[PDB]
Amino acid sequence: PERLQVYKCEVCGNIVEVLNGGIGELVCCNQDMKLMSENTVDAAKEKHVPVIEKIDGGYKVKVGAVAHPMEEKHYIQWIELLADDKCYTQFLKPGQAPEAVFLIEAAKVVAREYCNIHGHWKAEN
């Protein structure tokens, strides 16, 4: 695995992000954890692809063009901003607006979000 990749155990639900890569295959509940590749699930793009808005001193990210649901059983678990060697994560809770604000200096950034039902999604400016 490589740094920044997100893996999930489909049996018990553990989800982890790689901080340091290696050659070993991550395992949980007797099976290889699944790589959650971005933008691969068949889901509404207008509700899952992050929309990046440049603000003074940082970025505002919303999921998505159409506000994604934030219900107990279906919500955006976190929004992450990747810039240079920075990885900022904003965890969310059902009931909150599917958005996040990050104060950072970087012209080029990548925004990612994870939906408990529809998986991993990303956008970039």
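The first residue of the shown sequence is 1; numbering continues from there.
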Query raised in the report: According to the deposited model, is the average Cα temperature factor higher in 12 to 20 or in 108 to 116?
Result: 108 to 116
Requested in this report: Using the B-factors recorded in the PDB entry, average over the C-alpha atoms of 24 to 32 and of 48 to 56, then report which stretch comes out higher.
Outcome: 48 to 56
Query raised in the report: If you rank the chain by CA B-factor, which third does residue 43 end up in: lowest, middle or highest?
Result: highest
Report summary line: Temperature factor at the Cα of residue 85, chain-ranked in thirds, falls in the highest
Query - residue 65 CA temperature factor, ranked by third within the chain - result: highest
